[PDB]
file my_file38.pdb (PDB, C-alpha atoms and all ligand atoms)
ATOM      1  CA  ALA T   2     104.628  94.663 112.687  1.00  0.00           C
ATOM      2  CA  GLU T   3     101.204  96.266 113.181  1.00  0.00           C
ATOM      3  CA  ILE T   4      98.227  93.887 113.170  1.00  0.00           C
ATOM      4  CA  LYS T   5      95.556  96.049 111.529  1.00  0.00           C
ATOM      5  CA  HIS T   6      91.774  95.592 111.845  1.00  0.00           C
ATOM      6  CA  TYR T   7      89.779  95.879 108.597  1.00  0.00           C
ATOM      7  CA  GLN T   8      85.978  95.583 108.470  1.00  0.00           C
ATOM      8  CA  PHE T   9      83.904  94.924 105.339  1.00  0.00           C
ATOM      9  CA  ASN T  10      80.159  94.754 104.621  1.00  0.00           C
ATOM     10  CA  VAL T  11      80.032  91.715 102.322  1.00  0.00           C
ATOM     11  CA  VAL T  12      76.821  90.262 100.866  1.00  0.00           C
ATOM     12  CA  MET T  13      76.638  86.671 102.031  1.00  0.00           C
ATOM     13  CA  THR T  14      73.415  84.791 101.288  1.00  0.00           C
ATOM     14  CA  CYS T  15      74.361  81.426 102.786  1.00  0.00           C
ATOM     15  CA  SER T  16      77.221  79.599 104.485  1.00  0.00           C
ATOM     16  CA  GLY T  17      78.843  79.055 101.074  1.00  0.00           C
ATOM     17  CA  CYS T  18      79.428  82.804 100.780  1.00  0.00           C
ATOM     18  CA  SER T  19      81.131  83.060 104.156  1.00  0.00           C
ATOM     19  CA  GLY T  20      83.132  80.035 103.015  1.00  0.00           C
ATOM     20  CA  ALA T  21      84.307  81.746  99.816  1.00  0.00           C
ATOM     21  CA  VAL T  22      85.552  84.723 101.823  1.00  0.00           C
ATOM     22  CA  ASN T  23      87.234  82.533 104.441  1.00  0.00           C
ATOM     23  CA  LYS T  24      89.038  80.598 101.694  1.00  0.00           C
ATOM     24  CA  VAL T  25      90.856  83.558 100.147  1.00  0.00           C
ATOM     25  CA  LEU T  26      91.975  84.665 103.614  1.00  0.00           C
ATOM     26  CA  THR T  27      93.350  81.210 104.454  1.00  0.00           C
ATOM     27  CA  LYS T  28      95.743  81.600 101.445  1.00  0.00           C
ATOM     28  CA  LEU T  29      97.255  84.649 103.169  1.00  0.00           C
ATOM     29  CA  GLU T  30      98.351  82.786 106.273  1.00  0.00           C
ATOM     30  CA  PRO T  31     100.578  83.101 108.157  1.00  0.00           C
ATOM     31  CA  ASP T  32      99.952  86.886 108.100  1.00  0.00           C
ATOM     32  CA  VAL T  33      96.201  86.772 108.929  1.00  0.00           C
ATOM     33  CA  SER T  34      95.825  86.584 112.716  1.00  0.00           C
ATOM     34  CA  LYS T  35      92.007  86.407 113.081  1.00  0.00           C
ATOM     35  CA  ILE T  36      88.889  86.553 110.964  1.00  0.00           C
ATOM     36  CA  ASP T  37      85.282  87.021 112.176  1.00  0.00           C
ATOM     37  CA  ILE T  38      82.382  86.518 109.756  1.00  0.00           C
ATOM     38  CA  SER T  39      78.805  87.388 110.825  1.00  0.00           C
ATOM     39  CA  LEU T  40      75.902  86.500 108.555  1.00  0.00           C
ATOM     40  CA  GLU T  41      73.598  88.241 111.085  1.00  0.00           C
ATOM     41  CA  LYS T  42      75.381  91.592 110.460  1.00  0.00           C
ATOM     42  CA  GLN T  43      76.755  90.864 106.932  1.00  0.00           C
ATOM     43  CA  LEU T  44      80.210  91.756 108.270  1.00  0.00           C
ATOM     44  CA  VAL T  45      83.754  90.409 107.723  1.00  0.00           C
ATOM     45  CA  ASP T  46      86.473  91.466 110.200  1.00  0.00           C
ATOM     46  CA  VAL T  47      90.134  90.745 109.202  1.00  0.00           C
ATOM     47  CA  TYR T  48      93.106  91.195 111.579  1.00  0.00           C
ATOM     48  CA  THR T  49      96.323  91.152 109.480  1.00  0.00           C
ATOM     49  CA  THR T  50      99.732  92.691 108.801  1.00  0.00           C
ATOM     50  CA  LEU T  51      98.955  92.877 105.061  1.00  0.00           C
ATOM     51  CA  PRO T  52      97.800  96.042 103.273  1.00  0.00           C
ATOM     52  CA  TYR T  53      94.127  97.090 103.123  1.00  0.00           C
ATOM     53  CA  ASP T  54      94.102  97.336  99.318  1.00  0.00           C
ATOM     54  CA  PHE T  55      95.388  93.770  98.972  1.00  0.00           C
ATOM     55  CA  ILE T  56      92.819  92.262 101.386  1.00  0.00           C
ATOM     56  CA  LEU T  57      89.998  94.198  99.712  1.00  0.00           C
ATOM     57  CA  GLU T  58      91.115  93.067  96.246  1.00  0.00           C
ATOM     58  CA  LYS T  59      91.319  89.408  97.242  1.00  0.00           C
ATOM     59  CA  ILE T  60      87.850  89.485  98.830  1.00  0.00           C
ATOM     60  CA  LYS T  61      86.374  91.274  95.815  1.00  0.00           C
ATOM     61  CA  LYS T  62      87.738  88.601  93.476  1.00  0.00           C
ATOM     62  CA  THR T  63      85.505  86.028  95.114  1.00  0.00           C
ATOM     63  CA  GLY T  64      82.630  87.735  93.286  1.00  0.00           C
ATOM     64  CA  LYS T  65      80.665  88.298  96.563  1.00  0.00           C
ATOM     65  CA  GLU T  66      79.701  91.953  96.601  1.00  0.00           C
ATOM     66  CA  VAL T  67      81.748  94.163  98.911  1.00  0.00           C
ATOM     67  CA  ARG T  68      79.504  97.123  99.785  1.00  0.00           C
ATOM     68  CA  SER T  69      82.055  99.014 101.862  1.00  0.00           C
ATOM     69  CA  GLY T  70      85.164  98.658 104.008  1.00  0.00           C
ATOM     70  CA  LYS T  71      87.087 100.570 106.613  1.00  0.00           C
ATOM     71  CA  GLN T  72      89.969 100.404 109.065  1.00  0.00           C
ATOM     72  CA  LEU T  73      89.334 100.227 112.847  1.00  0.00           C
TER      73      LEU T  73
HETATM   74 HG    HG T 101      76.060  81.789  99.632  1.00  0.00          HG
END

call {"tool": "encode", "arguments": {"input": "my_file38.pdb", "output": "structure tokens"}}
result
Amino acid sequence: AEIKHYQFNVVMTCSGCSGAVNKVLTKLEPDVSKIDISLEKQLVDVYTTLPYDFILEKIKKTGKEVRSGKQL
């Protein structure tokens, strides 16, 4: 039952972009504990029990460019 921390650099030009990312993560409740989105750092932090590859894939399918990701 590990709650992992993933961090992504996601290009988000406006609040609609943060909204697109938030939306796909809401569909993965109740196994997403916390999300943090910063437009000022272009960063998305996801705290979840789900696998890294799956989270990355779902964010990428928004069409918002994912520049990089890592586990913390
Ligand atoms: Hg946007």

call {"tool": "resolve_selection", "arguments": {"input": "my_file38.pdb", "expression": "the PyMOL selection byres (((not hetatm)) within 6 of (chain T and resi 101))", "output": "PyMOL selection string"}}
result
chain T and resi 13-18

call {"tool": "atom_distance", "arguments": {"input": "my_file38.pdb", "atom1": "atom CA of residue T:19", "atom2": "atom CA of residue T:2"}}
result
27.6 Å

call {"tool": "closest_residue", "arguments": {"input": "my_file38.pdb", "among": "T:67, T:61, T:50, T:6", "to": "residue T:36", "atoms": "only C-alpha atoms"}}
result
T:6

call {"tool": "residues_around", "arguments": {"input": "my_file38.pdb", "residues": "residue T:33", "least_positions_apart": "3", "cutoff": "10 Å", "atoms": "all atoms listed in the file", "output": "CSV table (one decimal) with C-alpha atoms, in the frame of the given file"}}
result
chain,number,residue,atom,x,y,z
T,4,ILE,CA,98.2,93.9,113.2
T,5,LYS,CA,95.6,96.0,111.5
T,26,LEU,CA,92.0,84.7,103.6
T,27,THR,CA,93.4,81.2,104.5
T,28,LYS,CA,95.7,81.6,101.4
T,29,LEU,CA,97.3,84.6,103.2
T,30,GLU,CA,98.4,82.8,106.3
T,36,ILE,CA,88.9,86.6,111.0
T,47,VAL,CA,90.1,90.7,109.2
T,48,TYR,CA,93.1,91.2,111.6
T,49,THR,CA,96.3,91.2,109.5
T,50,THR,CA,99.7,92.7,108.8
T,51,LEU,CA,99.0,92.9,105.1
T,56,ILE,CA,92.8,92.3,101.4

call {"tool": "residues_around", "arguments": {"input": "my_file38.pdb", "residues": "residue T:22", "least_positions_apart": "5", "cutoff": "9 Å", "atoms": "only C-alpha atoms", "output": "PyMOL selection string"}}
result
chain T and resi 11+17+27+38+45+59-61+63+65

call {"tool": "closest_residue", "arguments": {"input": "my_file38.pdb", "among": "T:68, T:55, T:62, T:46", "to": "residue T:8", "atoms": "only C-alpha atoms"}}
result
T:46

call {"tool": "closest_residue", "arguments": {"input": "my_file38.pdb", "among": "T:42, T:35, T:71, T:24", "to": "residue T:54", "atoms": "only C-alpha atoms"}}
result
T:71

call {"tool": "atom_distance", "arguments": {"input": "my_file38.pdb", "atom1": "atom CA of residue T:10", "atom2": "atom CA of residue T:43"}}
result
5.7 Å

call {"tool": "atom_distance", "arguments": {"input": "my_file38.pdb", "atom1": "atom CA of residue T:66", "atom2": "atom CA of residue T:12"}}
result
5.4 Å

call {"tool": "axis_aligned_box", "arguments": {"input": "my_file38.pdb", "around": "stretch 23-27 of chain T", "padding_each_side": "5 Å", "output": "JSON"}}
result
{"center_x": 90.3, "center_y": 82.6, "center_z": 102.3, "size_x": 16.1, "size_y": 14.1, "size_z": 14.3}

call {"tool": "build_atoms", "arguments": {"input": "my_file38.pdb", "residues": "stretch 11-29 of chain T", "atoms": "N, CA and C atoms", "output": "tab-separated table (two decimals), in the coordinates of the input"}}
result
chain	number	residue	atom	x	y	z
T	11	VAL	N	79.97	92.65	103.44
T	11	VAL	CA	80.03	91.72	102.32
T	11	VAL	C	78.69	90.99	102.25
T	12	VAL	N	78.10	90.96	101.05
T	12	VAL	CA	76.82	90.26	100.87
T	12	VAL	C	77.04	88.76	100.86
T	13	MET	N	76.43	88.10	101.84
T	13	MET	CA	76.64	86.67	102.03
T	13	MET	C	75.29	85.99	102.29
T	14	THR	N	74.80	85.26	101.28
T	14	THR	CA	73.42	84.79	101.29
T	14	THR	C	73.24	83.46	102.01
T	15	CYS	N	74.35	82.77	102.23
T	15	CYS	CA	74.36	81.43	102.79
T	15	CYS	C	75.76	81.13	103.33
T	16	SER	N	75.90	80.00	104.00
T	16	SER	CA	77.22	79.60	104.48
T	16	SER	C	78.28	79.40	103.41
T	17	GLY	N	77.88	79.16	102.15
T	17	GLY	CA	78.84	79.06	101.07
T	17	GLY	C	79.54	80.36	100.77
T	18	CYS	N	78.85	81.48	101.03
T	18	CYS	CA	79.43	82.80	100.78
T	18	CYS	C	80.46	83.15	101.83
T	19	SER	N	80.11	82.93	103.10
T	19	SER	CA	81.13	83.06	104.16
T	19	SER	C	82.32	82.15	103.87
T	20	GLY	N	82.06	80.95	103.36
T	20	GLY	CA	83.13	80.04	103.02
T	20	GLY	C	84.05	80.55	101.92
T	21	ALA	N	83.48	81.18	100.89
T	21	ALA	CA	84.31	81.75	99.82
T	21	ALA	C	85.27	82.81	100.33
T	22	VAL	N	84.75	83.64	101.24
T	22	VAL	CA	85.55	84.72	101.82
T	22	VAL	C	86.65	84.15	102.72
T	23	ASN	N	86.24	83.22	103.61
T	23	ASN	CA	87.23	82.53	104.44
T	23	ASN	C	88.37	81.96	103.58
T	24	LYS	N	88.03	81.29	102.48
T	24	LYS	CA	89.04	80.60	101.69
T	24	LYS	C	90.16	81.53	101.22
T	25	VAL	N	89.80	82.71	100.70
T	25	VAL	CA	90.86	83.56	100.15
T	25	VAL	C	91.76	84.08	101.26
T	26	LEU	N	91.21	84.21	102.48
T	26	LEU	CA	91.98	84.66	103.61
T	26	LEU	C	92.90	83.58	104.15
T	27	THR	N	92.50	82.31	104.06
T	27	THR	CA	93.35	81.21	104.45
T	27	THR	C	94.63	81.17	103.60
T	28	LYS	N	94.56	81.62	102.33
T	28	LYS	CA	95.74	81.60	101.44
T	28	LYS	C	96.78	82.67	101.80
T	29	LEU	N	96.41	83.57	102.71
T	29	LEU	CA	97.26	84.65	103.17
T	29	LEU	C	97.85	84.41	104.56
